[PDB]
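Starting off, we have a lone chain in the form deposited in one PDB entry, written out as structure tokens.
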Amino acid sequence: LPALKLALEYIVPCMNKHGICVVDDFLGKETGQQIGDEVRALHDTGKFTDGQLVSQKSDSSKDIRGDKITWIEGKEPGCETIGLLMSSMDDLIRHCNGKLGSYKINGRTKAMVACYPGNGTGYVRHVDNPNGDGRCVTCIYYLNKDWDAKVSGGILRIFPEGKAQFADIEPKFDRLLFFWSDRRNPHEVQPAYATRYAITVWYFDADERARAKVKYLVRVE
């Protein structure tokens, strides 16, 4: 799909109605696999952090750590396909501007590449931007081939506001997900029992970000 067709025929109407939108087979197998290879290279060469401290025990030798991250600009050697993903995300958002709510997106974060190492850790229920920091849309790309949650866990569970039933999303290879970053979309990552990779960028609303600068006295493109 041309980015503009995906944007106009799906992302815009989907976001305005549900605020959570899934695009499968975003970039295709070849490109997805090359992204996977770049992320695994980052992992194998020690570019991720050691992981979120989950359980801090009296003895530090068996401390439990969870999600590992690394921040990627997209131009680094060995990260050019990641950069290409980011550009593709940006192109989609561009074609959506003026149509995602009343927001006006004028920048984004660098990419946060996350690895849940497969040791039964997940991520607690949270809101990405609960305090008005400028971020209006979360965009995440999943890289996990033949991921089977029945077996490997790692489901994203989102709980929209005032709705009784949550939504479970598998972190499937070449899946792109958009959702509003604010309190409309509390979510969590259920425990993962296999290595689980994803890449997130957050898009900023111009007005919210401009006045966040005041109240809190890292944005590109």
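Numbering starts at 1 and runs along the sequence shown. The term rigid core refers to the maximal set of C-alpha atoms that superpose within 1.5 Å between the two forms.
From this point on, the text means the form deposited in another entry, which you will not see here.
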Among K172, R184, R65, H43, the C-alpha that moves by 2 angstroms or more between the shown form and the other one, rigid core fixed, is that of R65
Is the shift of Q34 between the shown form and the other one large enough to count as movement, that is, does its C-alpha move by 2 Å or more after the core is superposed?
no
Rigid core superposition, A194 Cα moves 2 angstroms or more between the shown form and the other one:
no
2 Å or more on the CA of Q52 between the shown form and the other one, with the rigid core superposed, yes or no?
yes
CA-CA separation of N119 and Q56, closer or farther in the other form than in the form shown [shift of 3 angstroms or more]:
farther
At a change of 3 Å or more, would you call the C-alpha separation of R65 and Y123 in the other form closer or farther than in the form supplied?
closer
